[PDB]
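First structure 1, then structure 2: two forms of the same chain, each alone, as structure tokens.
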Structure 1
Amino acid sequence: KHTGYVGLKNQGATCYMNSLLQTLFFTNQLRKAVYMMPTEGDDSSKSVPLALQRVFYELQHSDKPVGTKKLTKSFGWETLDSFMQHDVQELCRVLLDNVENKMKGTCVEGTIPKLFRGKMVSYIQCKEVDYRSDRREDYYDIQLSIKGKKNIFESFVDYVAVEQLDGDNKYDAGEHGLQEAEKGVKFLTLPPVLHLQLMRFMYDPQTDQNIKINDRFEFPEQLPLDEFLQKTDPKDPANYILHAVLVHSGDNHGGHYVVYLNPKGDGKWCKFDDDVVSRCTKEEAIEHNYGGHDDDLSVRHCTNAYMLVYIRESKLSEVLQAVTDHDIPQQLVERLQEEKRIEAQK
């Protein structure tokens, strides 16, 4: 072990799960809050919050690959294809909704929206009459379209592009009944931790329906997003630093899953491939995951990003604050050592 980090066992077709688990483990401000969940009275076999605490504790302390069977048992994804029937966004939503729920009424309540919540304005503007509706919309990740988009800038541009409402899809303007309108979204705020879902898996019907888009899609190490804000802050530009690149090798149906991280936000990347963690180049983490072409029409080649984590540069120091063995409550420590004391009588 030259990296100082430990891997996660392969225990079935859990797909994106181990990549997610590493990505959240290294969201240090999240990890510390997770350690603070009051799990002492939890049922050791039904608690997703406890199982997540246990995986984090072992990731932080173990020298051997960390198992997850208690985790998959706790949120009930235990059949042969349970993870194949979902995606990384539903897993993460479920996990983090579970931990935030366990945080209610505690000092660490509101951690999840603090780290992940951003605000948009969704607006509908009538063309031939004077009505505009402006509403705030909260989001916790961003799904970016990648088909026909060459880079992340083009994806964000498409995301805030104006949609027309006319003909068979006209707008209910109430008192001025049906009106031709323009529908759009602008960003008000962007969160400290920015999860970008790259929409390579696109459910193309009807009705086969499984597909995966392997086209080239570039993303940068430094992502400036000020130009997509309704209003910019001179003291806090929306500059984001790439933290994690979650990678899939293959096409639809079958594939291999890896995550690249620079856990400290310092540009020193590692590759996390289940139980194997090793240092890699910045080029392996970034440019080599853009996807590409070798043969004609397709090959494919075939190892590209489907999710990215960026951290706001001004928030990097806080999100990635150090975690020590002293940040783990003794109640949790003793419970896990007792568990490891029950598992070692085999």
Structure 2
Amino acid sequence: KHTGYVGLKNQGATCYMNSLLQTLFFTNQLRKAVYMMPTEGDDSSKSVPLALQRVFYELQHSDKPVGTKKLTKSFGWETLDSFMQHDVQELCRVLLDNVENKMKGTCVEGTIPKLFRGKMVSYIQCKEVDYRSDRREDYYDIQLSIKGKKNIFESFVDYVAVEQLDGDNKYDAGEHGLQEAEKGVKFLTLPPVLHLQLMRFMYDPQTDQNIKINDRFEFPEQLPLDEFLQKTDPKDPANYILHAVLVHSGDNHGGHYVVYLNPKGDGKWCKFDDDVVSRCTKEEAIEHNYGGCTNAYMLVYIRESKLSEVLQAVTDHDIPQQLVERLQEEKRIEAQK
């Protein structure tokens, strides 16, 4: 806590979890809303919302590394096997789903969509007849292809690349029969907080197993994404500011998991390595995780026009006395056990 920030204990093999928790904790608007959830009546053990309020409260006050056994118990991932079976965004979704449901009907309903939800359109366009099918879709995160890609830009170019449906893969166009077509997707909106996973763990059919790609993949501290919007908005361009870099060293779940953050969004970075939080250079947080077996697998961008809102001050004023009293009693009981 010589950085103002405290770490998370190393308790069992939980791989990416501690990295994701810091990331969410420093999404201040989220953190603040999580403190507003009415959990007074929740079972102290089965409730994921309460368990997240606890960890957040501990991260905001403890000068010692913060435990997470009650959190992993709440959603039932208590074994290394659980983490080996899910991608990081799947854990993220477990966490945000629980919290978003708990806020329905309250002061703070919709917080999760407001922060993380974006809109895109998937389409199929017939080339030789007049048939088009568009499908609007919501997304809370984006999976980016990196194999053969040098940087985030090429990755977005590829994401919106037009796929050709012909030969043996013609499109069933209904009344029109088998038809040559073009398929793709377009971004309609980007959310204030942009979760990008990098698809480094890829299936190798030879071994019938997944294999981490350690290839070099570059991402910027500043990400302009206007050129990937269907329509852009002057007075609110889609310029993004790197907030977190989730990093893995090695080739398997036995590897080393850390996250880098500039929590205030000011380019002053720290490395969160379970219980050890320490200042680092910008280069170590960014370019040194480009790869080429230490590298990033998930990046969090905040939209520049949103930075001051997503990262608003969250203080002890923001914790209902009721919550604080329950968390404090619970700690006293642990200290007694």
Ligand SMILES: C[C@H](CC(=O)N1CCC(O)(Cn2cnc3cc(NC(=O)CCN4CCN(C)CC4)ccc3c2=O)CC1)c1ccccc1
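Residues are numbered by position in structure 1's sequence, first residue being 1. Throughout, rigid core stands for the largest set of C-alpha atoms superposing within 1.5 Å between the two forms.
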Assuming the other structure does not fit, state which one is the form deposited with the named molecule bound. 2
With the core superposed, a Cα shift of 2 Å or more between structures 1 and 2 singles out one residue among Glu218, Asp158, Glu227, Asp204. Which one is it? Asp204
Once both forms sit on the same rigid core, is the C-alpha displacement of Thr106 at or above 2 Å between structures 1 and 2? no
Tell me whether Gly254 is among the residues that move between structures 1 and 2 (Cα shift of 2 angstroms or more, core superposed). yes
Distance moved by the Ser145 C-alpha between structures 1 and 2 (core-aligned, Å): 0.3
Distance the CA of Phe83 travels between structures 1 and 2 [rigid core superposed, Å]: 1.4
